[PDB]
Amino acid sequence: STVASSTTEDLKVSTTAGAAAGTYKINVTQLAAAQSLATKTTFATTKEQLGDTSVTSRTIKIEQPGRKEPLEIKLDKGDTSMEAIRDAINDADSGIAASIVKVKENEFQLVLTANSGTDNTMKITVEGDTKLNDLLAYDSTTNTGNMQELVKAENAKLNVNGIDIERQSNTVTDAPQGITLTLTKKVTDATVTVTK
Amino acid sequence: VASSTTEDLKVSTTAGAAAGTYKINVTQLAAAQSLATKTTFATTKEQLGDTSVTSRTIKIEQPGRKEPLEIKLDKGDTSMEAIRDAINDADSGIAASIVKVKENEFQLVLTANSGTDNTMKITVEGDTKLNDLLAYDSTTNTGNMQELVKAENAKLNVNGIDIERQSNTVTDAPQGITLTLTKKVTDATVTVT
Amino acid sequence: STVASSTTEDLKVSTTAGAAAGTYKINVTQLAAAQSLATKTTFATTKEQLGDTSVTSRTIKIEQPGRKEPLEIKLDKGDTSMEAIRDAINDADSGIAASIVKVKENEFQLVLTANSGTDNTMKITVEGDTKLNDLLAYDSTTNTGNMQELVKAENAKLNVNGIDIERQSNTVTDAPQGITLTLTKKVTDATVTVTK
Amino acid sequence: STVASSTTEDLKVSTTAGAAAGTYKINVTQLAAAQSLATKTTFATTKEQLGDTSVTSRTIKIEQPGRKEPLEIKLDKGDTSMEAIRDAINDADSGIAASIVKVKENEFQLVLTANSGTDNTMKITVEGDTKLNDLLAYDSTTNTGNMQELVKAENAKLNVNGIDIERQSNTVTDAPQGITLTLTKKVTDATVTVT
Amino acid sequence: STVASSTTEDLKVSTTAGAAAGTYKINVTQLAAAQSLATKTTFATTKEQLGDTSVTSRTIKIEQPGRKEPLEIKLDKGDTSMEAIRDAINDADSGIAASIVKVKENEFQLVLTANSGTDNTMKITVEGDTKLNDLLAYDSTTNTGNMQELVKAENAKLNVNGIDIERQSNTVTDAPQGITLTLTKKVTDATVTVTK
């Protein structure tokens, strides 16, 4: 039976039964962050058509370094509204979140956000609709595109007893094995104590 | 289900909202224009208006109000109590309260809902003495009433997008989430799951 | 209904249901204070008679600006001890509190303390006992007398959205109607918020 | 049928039923403090005899302004170790607390603590054993001696509705009668209220 | 009975019944720290064999100033993977913790950490397997070896009412007898108050 304690609430600690007793001096120097992309232009309503209403079907293809197989979201009904795109991406339930932000009256913006970490930076292309492609396309390799990066993807970086660690998410395991650290903010010289 | 890193920023959700984590900075809380009479009065029952006229109307105009609010003071009574009760009985997004600065010094205060859409232009039709007391024009910040609080909008950043609202109850940032602002906060995180 | 909050725990708020929503910028420049009077000398015990044992009844008369009927406390049983004077005053239960302070062994001191505010400053005379009058008499009108003012009465002075407010007590109501503020400390640019 | 409340957690208040309803403006300008003395030298063990083992009897005499009769702690040949002196003092259970400080491995030091207040400052002498006197002798009246003062004795000083009060302890009664104040920190313009 | 409070939560206190009532002015100028050693090379997996696969037995010998007799951990059972070494060291349960840090994908590192204090600095030699010695050997006397020091051993240093105190750990006792202090951070002019 293992038990863990942290000197700060800004660093949650859990253990497994295999964990060893010990005391760890932890510094968290950076938090993992998810890339977020937003359309450069805004739109008067969430129902107006962001792509070409002449075409029945197009595919939003999303590529990511950690994703083995490209994500292909098909809009095969002719509806290319901001709501239609949002609901198609999200219904795929595949590590990408489409959201709509109203900046103020008559000004709606589409936001696509990945999971955390540099492995999840996005390359978006649209096949079969040059109107929607000119809105949604982004290339994280050349960090150029039609959408804008409002939040850059970043990794969690921390130091455990002098060893520098990097992770895709702020749920840090294997630092050391036996312990799960949840990072909620940058901290200096916190101490996690494990006891049996 | 949804949650927040600070008790100063509340969050609710709806049934079909997406998951995610949102980095939020709140740079300004929405605030409501509040106006007070420049002069104070001995009692809340003494007649503040012209008692030779039976009827007059207080006319209130706001950029966000389609049809101007018309408060009839018909019963011949222009006491501070009557005017407060008249305004509040309309229950139309304007609150009247009385401030007792000290014994026998009473001041009338009118407060709107929050936001710049709710700045007030006040006129009284048919009673010049009451017009002299209550008149205000927010366009030029002129009149015999004084601005106690400046109407102000809520301003915030959600994952890099600057947002403005009339109220401290922010919806549609993004659609799904209802944020409640109580304090200016830096790098707060909301998480939907 | 209504709920209210403060940016500082040093300023407590309460509302009715009728309280208008709004924001209140608050400065507290002076706390209300209660006049406190003490006998000029101390005494060896609390049970020794401080007044003329030759008269059966006498009357302590206390007048204050805010009090319409003068307060009259009769010491009926020929007992003028410090205990008797304290208990007779307190039992009257009329906004005047008597208390005994042992400054040190065989040095006891009688203190009369009113409710806070300048309206409650006290004019004390004793009818029918010159000895007790030579101990308890005080005239706040002229700040002369046989007792000594240990605490000067003062009113609460605060400012709410630019309007100067004055009260006899640190429980401020009617500024505006619907809100009740309890003042415990001088505060600078505190904000009180009331929402529906 | 009486209750009491404080405007600050720094000042704890209770009542007894003879207390009357009222408000009290209290300022605490100084806390009461207990005198504490340490030996100037440290020793390798708590078992080694610190006194002169040529003398059979010696007496640690402890005098305090508020103590009517001096505390006399008598020690024989085998009772002059640090343990022995500590145990003898504490076993007397007479308001002086003896404690051993281990400063590090093989470095031990003796501390004597009185109760709070300036009436409890100590004059320590040892009758009949000069070696143990060279260790334990102290005089508060001139603030000199062979021991060293770690903590200065100090009285509680407070102001209750404009009356300056001084007590030997931080548990303050009879100011006013019917109220007990426990002082934990210096505080300005606090109000206690009874109903 | 006795209770104890602290002016700071960075300094935690407990007291026995007999502890002396009073105040203890406490300055903590150094926290105790435990020597933590790490392998200089990282490995692709925690399953791959680190030792000489031609030898059937080796012993990890660990010596420390405060340990009268050397700790000998035998690796005897056809496995010298990082996990197998970690489990062997931790199964000894003799005040040395082995842990595995994944610095990032396919980079695992073995860490050995002693109890805190200069008495627990480590001399590590492997007997009978030079390939494992080449990985685990360290000499604290000469501050060299095949492992690297990531955290230097250190003693607690603090001052209590003007008496400098030193300890091997951040649980401090006998300063004075009857009071236990837990040091979590350097503190300046903290007061602990013991009340009966």
Side-chain angles (χ1 to χ4, degrees), chain A residues 34-64 67 69-73 75 78-115 120-126 128-133 135-140 145-151, chain B residues 1-2 12-22 158-163 165 170-179 190 192-193:
Chain A
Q35 182 187 53
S36 203
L37 297 181
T39 57
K40 290 185 140 173
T41 171
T42 61
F43 299 88
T45 66
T46 68
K47 312 216 187 210
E48 82 168 67
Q49 300 297 291
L50 310 185
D52 197 356
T53 28
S54 63
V55 15
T56 62
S57 194
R58 79 249 61 218
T59 298
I60 305 176
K61 181 172 175 186
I62 303 178
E63 301 182 42
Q64 293 172 299
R67 190 182 292 270
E69 61 185 65
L71 182 51
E72 304 200 339
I73 305 97
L75 288 150
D79 217 313
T80 78
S81 75
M82 209 165 103
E83 278 184 299
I85 295 168
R86 179 192 58 190
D87 292 7
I89 286 160
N90 291 332
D91 286 2
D93 194 31
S94 195
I96 295 199
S99 58
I100 294 191
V101 171
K102 178 172 80 150
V103 321
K104 45 187 186 65
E105 283 298 77
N106 312 328
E107 279 190 43
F108 297 89
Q109 204 164 352
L110 182 63
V111 174
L112 302 190
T113 307
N115 283 324
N120 292 298
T121 57
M122 289 174 280
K123 183 203 175 110
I124 306 185
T125 56
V126 179
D129 182 353
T130 59
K131 209 216 185 187
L132 196 61
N133 198 52
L135 199 69
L136 297 182
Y138 191 79
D139 182 29
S140 279
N146 298 328
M147 297 195 74
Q148 49 180 336
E149 178 163 273
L150 297 185
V151 170
Chain B
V1 71
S12 168
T13 53
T14 76
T21 88
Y22 305 102
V158 172
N159 281 358
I161 300 174
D162 293 314
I163 299 321
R165 293 286 190 283
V170 177
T171 79
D172 302 26
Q175 298 198 321
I177 288 199
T178 294
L179 298 159
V190 178
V192 192
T193 52

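Below, read A as the first sequence line, B as the second, and so on, with proteins coming before strands; counting in each chain starts at 1. Side-chain atoms are counted along with the backbone in the values below, which use heavy atoms only and exclude waters and symmetry mates.
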Flag the pair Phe108(A) / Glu48(A) as yes when at least one side-chain heavy-atom distance between them is below 4.5 Å, and no otherwise. no
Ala19(B) and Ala97(A) have their tightest heavy-atom pair at O-CB, 3.8 Å
Any side-chain heavy atom of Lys102(A) within less than 4.5 Å of one from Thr46(A)? no
Tell me, with the steps shown, if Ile177(B) and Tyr22(B) meet side chain to side chain contact (heavy atoms under 4.5 Å, CB included). CA-CA 11 Å; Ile177(B) 288 199; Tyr22(B) 305 102; 3.7 Å; yes
Evaluate the side-chain proximity of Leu132(A) to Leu50(A): yes if any heavy-atom separation is below 4.5 Å, no if none is. yes
Distance from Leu110(A) atom CG to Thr41(A) atom OG1, nearest 0.5 Å? 11.5 Å
Please report the closest heavy-atom contact between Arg165(B) and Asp172(B), naming both atoms and the distance. NH2-O, 3.3 Å
With a 4.5 Å heavy-atom cut-off, do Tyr138(A) and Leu112(A) have their side chains touching? no
Candidate pair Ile73(A) and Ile62(A), rule side chain to side chain contact (heavy atoms under 4.5 Å, CB included), full reasoning: CA-CA 8 Å; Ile73(A) 305 97; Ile62(A) 303 178; 3.9 Å; yes
Separation between CD1 of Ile89(A) and CG of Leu71(A), rounded to the nearest 0.5 Å: 8.5 Å
Which heavy atom of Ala84(A) sits nearest a heavy atom of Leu75(A), and at what distance? O-CD2, 3.6 Å
Once rounded to the nearest 0.5 Å, what's the spacing between atom CZ of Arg67(A) and atom NZ of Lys123(A)? 15.0 Å
Testing the basics here: between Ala18(B) and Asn90(A), what is the closest heavy-atom pair and its distance to 0.1 Å? CB-ND2, 3.7 Å
Is there side-chain contact between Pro174(B) and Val101(A), with heavy atoms separated by less than 4.5 Å? yes
Is there side-chain contact between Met122(A) and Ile96(A), with heavy atoms separated by less than 4.5 Å? yes
Do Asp129(A) and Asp52(A) have side-chain heavy atoms sitting under 4.5 Å apart? yes
Does a side-chain heavy-atom distance below 4.5 Å link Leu37(A) with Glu149(A)? yes
Measure the spacing between OG1 of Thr80(A) and CD1 of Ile85(A) and express it to the nearest 0.5 Å. 5.5 Å
Shortest non-hydrogen pair, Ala34(A) vs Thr113(A), comes out as CB-CG2, 4.0 Å
Between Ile124(A) and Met147(A), what is the shortest heavy-atom contact and its length? CD1-SD, 4.4 Å
What is the distance from atom CZ of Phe43(A) to atom CD of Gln109(A), rounded to the nearest 0.5 Å? 9.0 Å
Pair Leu135(A)-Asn146(A), side chain to side chain contact (heavy atoms under 4.5 Å, CB included): steps then yes or no: CA-CA 6 Å; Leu135(A) 199 69; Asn146(A) 298 328; 6.0 Å; no
The reported gap from CG in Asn159(B) to CD in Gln35(A) (rounded to nearest 0.5 angstrom) is 12.0 Å
